[PDB]
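K.L.:
Got an experimental structure here, sequence first:
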Amino acid sequence: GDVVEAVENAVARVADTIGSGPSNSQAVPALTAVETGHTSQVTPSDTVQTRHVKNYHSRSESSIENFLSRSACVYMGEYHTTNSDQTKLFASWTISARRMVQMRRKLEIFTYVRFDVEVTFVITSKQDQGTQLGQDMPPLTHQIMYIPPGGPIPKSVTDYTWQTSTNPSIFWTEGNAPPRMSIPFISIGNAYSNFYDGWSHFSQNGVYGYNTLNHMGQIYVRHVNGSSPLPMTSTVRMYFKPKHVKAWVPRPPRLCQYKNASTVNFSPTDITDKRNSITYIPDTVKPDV
Amino acid sequence: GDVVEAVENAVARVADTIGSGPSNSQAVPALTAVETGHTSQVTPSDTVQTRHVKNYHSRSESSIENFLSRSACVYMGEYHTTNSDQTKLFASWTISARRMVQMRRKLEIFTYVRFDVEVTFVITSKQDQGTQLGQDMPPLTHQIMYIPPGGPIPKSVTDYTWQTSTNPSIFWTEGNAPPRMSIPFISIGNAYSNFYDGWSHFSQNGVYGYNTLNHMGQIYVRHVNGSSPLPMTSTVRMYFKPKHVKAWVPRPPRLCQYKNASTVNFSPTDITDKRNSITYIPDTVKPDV
Amino acid sequence: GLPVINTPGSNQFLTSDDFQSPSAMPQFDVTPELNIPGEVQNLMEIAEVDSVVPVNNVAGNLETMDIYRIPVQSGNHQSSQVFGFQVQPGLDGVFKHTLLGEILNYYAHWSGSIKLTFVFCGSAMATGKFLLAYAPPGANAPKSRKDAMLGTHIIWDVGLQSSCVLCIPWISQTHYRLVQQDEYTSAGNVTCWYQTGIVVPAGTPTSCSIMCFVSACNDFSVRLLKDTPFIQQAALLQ
Amino acid sequence: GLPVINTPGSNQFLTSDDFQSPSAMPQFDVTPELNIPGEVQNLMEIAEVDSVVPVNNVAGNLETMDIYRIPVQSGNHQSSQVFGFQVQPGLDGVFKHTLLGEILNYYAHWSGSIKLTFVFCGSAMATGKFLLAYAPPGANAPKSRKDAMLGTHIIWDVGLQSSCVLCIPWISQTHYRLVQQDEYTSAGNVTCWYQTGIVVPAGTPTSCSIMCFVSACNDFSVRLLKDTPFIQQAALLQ
Amino acid sequence: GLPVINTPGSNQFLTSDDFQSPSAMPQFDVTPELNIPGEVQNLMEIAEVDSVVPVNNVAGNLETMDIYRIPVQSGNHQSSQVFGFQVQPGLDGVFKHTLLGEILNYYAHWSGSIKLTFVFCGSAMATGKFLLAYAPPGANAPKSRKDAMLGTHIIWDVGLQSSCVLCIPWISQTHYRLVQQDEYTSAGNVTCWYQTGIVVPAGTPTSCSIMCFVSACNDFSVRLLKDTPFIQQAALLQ
Amino acid sequence: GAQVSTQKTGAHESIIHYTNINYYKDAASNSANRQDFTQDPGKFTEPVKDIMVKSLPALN
Amino acid sequence: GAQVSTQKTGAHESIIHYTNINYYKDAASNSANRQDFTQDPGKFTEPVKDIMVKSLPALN
Amino acid sequence: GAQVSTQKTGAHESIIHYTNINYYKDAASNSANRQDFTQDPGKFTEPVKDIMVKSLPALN
Amino acid sequence: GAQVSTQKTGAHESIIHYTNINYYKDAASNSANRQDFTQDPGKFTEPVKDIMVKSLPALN
Amino acid sequence: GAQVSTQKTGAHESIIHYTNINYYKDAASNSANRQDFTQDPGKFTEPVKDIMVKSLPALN
């Protein structure tokens, strides 16, 4: 069907257990050759006598759409209402889903993915700690601005750049529902690439990996009231919920912890946990030993 | 019909009183044998002369759905905006309807029940008592997070765990309508079991009763502004309204008071209230004695 | 933007509201329904079932199987009334903790006829006739068999049919009575008398017990949900 | 203005909600879709693929290719059990980091039959028969071949067909088991024994390895999404 | 009151939103439309028009009509390359302030073939053949006519047809290139060489100028609106 | 694609109905079935094999 | 111009559907396709040319 | 009295349309015509009387 | 499933009607019946058996 | 039971109409009649009995 539509029937039922009786033949379903690279299609009924079971179990929650389509924090940063640093007056990062692991490991199960994204922002502010704490600051209004690669970059909370005549921006005031919007599949290519065993330069050097393929611009966020007698500080959290998904060439789930955002680097890590012996099976069922 | 649908006709009329006259026969409706375990089906017209009455009375309000389908407080707890205890900075419990009696006695009238649940939360905050009381705290925003059995558990108000990439969470700000959501029939079994005359271990020991069957995870709730110059404290109240109900094998209503949440334990209690003698009937109708 | 006006009520939380709400678990596959025996559908199904009435709820019997036994005996005791009680199904001690009573206590209004089944538990060689009477309100409880027989009554003959049913027809000025009954919604009393003493042959016990069961007839209903007075707590971990 | 009432839930942000939202890029012309090989559609497609089980996850093998080799040998070792392990696909070390295991860890419930494929990697001149048994819960692990053969099992004859499949049929009181398994949702164990020792001609190695692959059958499904225990971080720039 | 839930986004002001809004001038009678010549409908109509390329954008020509003249002459200069430039329509000085360039700068992505028209402005008695070459990326700019002729090229014969068109076909790994071009979206270069020198009779100037025009072909499009780097201000009353 | 059904009758012996539309993808989100009124006392008051006609003795 | 399709079935073995209308001009604005459930394990579990009947040897 | 037209196609090669109703009395209140895509380069690139076939000389 | 009826006429001797839909399950929730205008003075002004024609004496 | 009529034409020489529904029981609640454009100058500019043809003298 069309993977852009918000409706589409059909139950995802698993297989019924076919009733099976005794057998004496040359059929040898339980004997295969794993060398071929084929995974055996044996079901219980091929190796034991089974009753018939009408199975209603469905695989609805393990569909790629339902697995990825849940908002995940992909970034968080702070900025102050007032400070001497100018820089600390606004936040900015470079769009990517590589800075928070949960989301990253989920996406990295697939080599390529294509989708629209529902972005939701959760912004909070707190009054900074100090000796004098009394003030009456009106509601804070924030501005989130997206700068596609190549656009002029803000240099202060009051730069002309925040005019957003063309960059898309969101103005939001505290106390209301978190801001939200959909972004289409924005790639230069036919699918976003999660891994790239390649370089940026033709001479097989330059930058290696995911980074050379990125370049989706950055986000800048600042307060608009711009002031507060006493210092305050806000935290902006951004969430991604992919929707209308397509994925290709699955790969094993990341086993070693991530070391940084630009690389696939890792330290050698254990295949799994140890146990006492290759025959160790704990004894449950005892008058409690 | 389908007990999942929010509409379905038909009046629940009680029985009309059939007009009855004088009788002299071998019919002996008023003489039965209670030993059989059968409840007599005698109506007034079988034992006295009755007029005919077209009765319009309906049993609508005693249908299982209308009896259980009213939000009930099933839990309440507190958490502070600021404290030295870390622990006191967030609330957490284990889902069950066994900690508030009203709801519990209602459910326990049935051995098994199956239903969806409408959960509504009422959250309130108060400023703690102290010598200095002046501050200007912006609106408090809370986070309620559900942790299915097996999920990582928060260890502080700032644990990575609150990222909820997958657990479902609700963010809500004070002053707005109480938060609410529906939860489907979530049991591992075919009906939630209110009583279990059994054990957790196969050797007939371990934990006895309701508890071994529970395990529906827990709820954690914390403030998100995370601060307040002066101490404040919030109380979270959770309400359950079962809906789309089905119930089986009714049992007598709990007679003795409940002693704790994990057991059916009780102290011997009176069958009913005493009165003077087996013939005592107070005299009303007197020029006031 | 479509024009809108919020009406009083907006943003309130009414315990007994009935609205749609987002599911926190989109597409959850619920476990298949299983056909369990004994499905209940209306609390009246429970109230229609007989349960034993603690008629002898006298001080000292409150925690012993006696509260359920009505004492009756051989010899001359005609003047002696066997028992009597008010007809306040949801309020008087005799009924309130009954199956019918516990149910009535979750409501504020009731209406309908009631069945009182009496079962004789003496030896098979025992014999006797009793007069079971129900008096609608307006006068004080009959003080003699003469007065009692002027009201609704059955004369019960003990025999192979161990049980007899006294049905209390609904007679009231109003269609409903308060479960928390007052004089305005009075329902009268039922009293019982020896119609002709208990006779017995030699070698058999000279005294036995009669038990009493109560249940609702099919014209019975209840209204106006409320909490029960019967359950409470001083703190959580309930 | 059309009259409206806001219901509880208004203005909340539920991670798993599912609503329409304005696009910040009106009329953006997305790049054409390209037909890439290997499209995945349901995580179960991955769980249905065999992956190598680290059966020999003994201290000291945690980072060496041995953890994947089950040692078996020539000579008399019948009394000696070849291996054994619990059937907790999402929890026990033997399975948790498997293709099937990693997937199960993103869910809280599972159900279905499992395929265990065993492949013999000795020389072609090697010979032998093994007994592969699965015991449903309720007793402790068989301690001898006698006890093991009383449960579900195949007798595997090493031959030209290098591999043998032991299928673990779904036998459970409940339709589902916790991936984070407890005793209540126990699934039993599988153990392996020499049915008739490994015989070999002269000039060939007297000991070899058997490997074990796991994969889900077609009656397998999972429910109730949750985060994996397996990945974490102490700070951003992740 | 009709029940409603506000979704994230409520009350925000998105620059590129697209909603209905009340008119502050109900029933205003707008003045009749007039059919003016030259109606524009898509900025591409402008980019499809030739404009003069400042190929000779060398220091010192930035404010003189020379920047538009490519110098060419009589005599032996074969080894001498006539000119060369990168193909970065929205970025390199040679193109950015061109009609096509100014337009590209209001967008972040471009795709399509480009037309380069060269017009000879020497005397009519002048003669000559040039080689116009375009090299797709991957190697450095041809350093000789030998190397240049291995790529896409036309051999232009000066004659009555004063102009010759070198069309740069779209050859790219991706469907689009950044207007703010990087090495990843490189597009190559075009260089020009004497194919056979400029010959001239006596009494005529021995050197002349060739001009170069650029315009988009009909397979050209642009995406992703953004502001131009080219215009700015320090304060209002602009 | 909506449903119209009748309202529970109030204060008097066509405008006595309401309309409803479901806006959510899960049945759990729907409102309660307050209008379904079936009944089967029998399971409990009379679970005897051998039908008791009761107008007849019940023993004998 | 709306669409009606069925809801995912919940707590029981016509009112089991919902209606939806799209209010935005871009497909990106639409809700997720949580109801599409196709499947093709084959790409991965059995990418062998020469069909393996497996009830037969697999070699020989 | 509403209008249904198609959405601009997104992330993939019936639910690809939207519905709109105008609530105001003035055309000025309506949303933008972002879906009209005509074109006529000719006014500008080729405003010559005497059609230039260009595959032919253009002079001569 | 809505109802259309006429409005009470105002400031002048098709657009003189309104539409209504009931959103609640109980008749009590409905709006008032401000449009019902019956009348029967007789119960009170003339409750005499024996019809008084009054244009005739009334006695005699 | 709604009404569709045309919008006042704006900035250009089917989507030029709007729809309206009345939600109140009194005509007073309705919006203004900004679209009614009758005219009768005569009452004032020419209230003479004896029709003045004016192209003729007007006296004589």
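P.N.:
Cool, got the structure. Numbers count the residues shown, from 1 in each chain, chains lettered A, B, ... in the order given.
K.L.:
quick one, what contacts residue A:168?
P.N.:
Residue A:168 makes contacts with A:145, A:146, D:24, D:25, E:14, E:15, E:16, as judged by Cβ atoms under 8 Å, 6 or more residues apart in numbering or on different chains. Where you see a C-beta, it was placed from the backbone N, CA and C, and this is true even at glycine.
K.L.:
Closest one of these to residue C:146?
P.N.:
residue E:14 (92.4 Å; Cβ to Cβ).
K.L.:
was I right about the closest one contacting residue A:172?
P.N.:
No: applying Cβ atoms under 8 Å, one finds residue E:14 not in contact with residue A:172, separated by 10.4 Å.
K.L.:
Pick out whichever of these two has more residues nearby.
P.N.:
More neighbours surround residue A:172 than the other of residue E:14 and residue A:172, with 25 against 19 (other Cβ atoms under 10 Å in any protein chain shown).
K.L.:
quick check, the more buried one in a strand?
P.N.:
Yes: membership of residue A:172 in a strand is supported by DSSP: H, G, I helix; E, B strand; the rest coil.
K.L.:
re earlier: ok, the contacts of residue A:168 vs chain J, which is closest?
P.N.:
Within those, distances to chain J taken as Cβ to the nearest Cβ reach their minimum at residue E:16, with 21.0 Å.
K.L.:
so who does that closest one touch?
P.N.:
When contacts are counted by Cβ under 8 Å, 6+ apart, residue E:16 is found next to A:168, D:24, D:25, D:26.
K.L.:
which residues touch the last one?
P.N.:
This means residue D:26. If you count contacts by Cβ under 8 Å, 6+ apart, residue D:26 has them with E:16, E:18, G:25, G:26, H:8, H:34.
K.L.:
Those residues: which two are farthest apart?
P.N.:
When the contacts of residue D:26 are compared pair by pair using Cβ to Cβ, the two farthest from each other are E:16 and H:8, 13.4 Å apart.
K.L.:
For chain A, which residue gets nearest to chain F?
P.N.:
Nearest residue of chain A to chain F: residue A:7, at 9.2 Å (Cβ to the nearest Cβ).
K.L.:
before we move on, what SS does the residue nearest the centre of chain C have?
P.N.:
Relative to the mean C-alpha position of chain C, the nearest C-alpha, by Cα atoms, centre = their mean, is the one of residue C:100, at 4.3 Å. Reducing the assignment at residue C:100 to three states with three-state DSSP gives helix.
K.L.:
which ones are touching the residue in chain C that chain D sits nearest to?
P.N.:
Nearest residue of chain C to chain D: residue C:3, at 3.7 Å (Cβ to the nearest Cβ). Listed by Cβ under 8 Å, 6+ apart, the contact set of residue C:3 reads D:1, D:2.
K.L.:
quick one: it is in a strand?
P.N.:
No: with the criterion set as three-state DSSP, the secondary structure at residue C:3 is coil rather than a strand.
K.L.:
For residue I:17, see how far away it is.
P.N.:
Taken as Cβ to Cβ, to the nearest Å, the spacing of residue C:3 relative to residue I:17 amounts to 19 Å.
K.L.:
Would you tell me which one of the contacts of residue A:168 comes nearest to chain G?
P.N.:
Sorting these by distance to chain G puts residue D:25 at the head of the list, at 7.7 Å, by Cβ to the nearest Cβ.
K.L.:
Which residue is the nearest non-sequential neighbour of the closest one?
P.N.:
Spatially, and ignoring its direct neighbours in sequence, residue D:25 is nearest to residue A:184 (5.8 Å; Cβ to Cβ, 6 or more residues apart in numbering or on different chains).
K.L.:
Tell me which residues touch that neighbour, please.
P.N.:
A:116, D:23, D:25, D:28, D:30, G:26, G:27, G:28, H:10, H:11.
K.L.:
Try it again at 10 Å.
P.N.:
Contact analysis of residue A:184 by Cβ atoms under 10 Å, 6 or more residues apart in numbering or on different chains lists A:115-117, A:244, D:23-30, G:26-29, H:8, H:10-11.
K.L.:
Which parts of the chain are strands?
P.N.:
No chain in the question, so chain A it is. In chain A, the strands defined using DSSP state E lie at A:31-32, A:72-80, A:90-94, A:110-127, A:141-147, A:169-173, A:180-183, A:192-193, A:218-223, A:232-250.
K.L.:
I was after chain F.
P.N.:
Under the criterion DSSP E, chain F contains strands at F:3-6, F:17-20.
K.L.:
In CSV, list the ones you listed along with distance to chain H.
P.N.:
Putting those into CSV (distance: least, Cβ to the nearest Cβ, whole Å) gives the following:
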stretch, distance to chain H
strand F:3-6, 22
strand F:17-20, 20
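K.L.:
want to try CSV for those, with mean neighbour count and distance to chain J as columns?
P.N.:
Listed next are these as CSV, based on neighbours: other Cβ atoms under 10 Å in any protein chain shown; distance: least, Cβ to the nearest Cβ, whole Å:
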stretch, mean neighbour count, distance to chain J
strand F:3-6, 15, 17
strand F:17-20, 16, 15
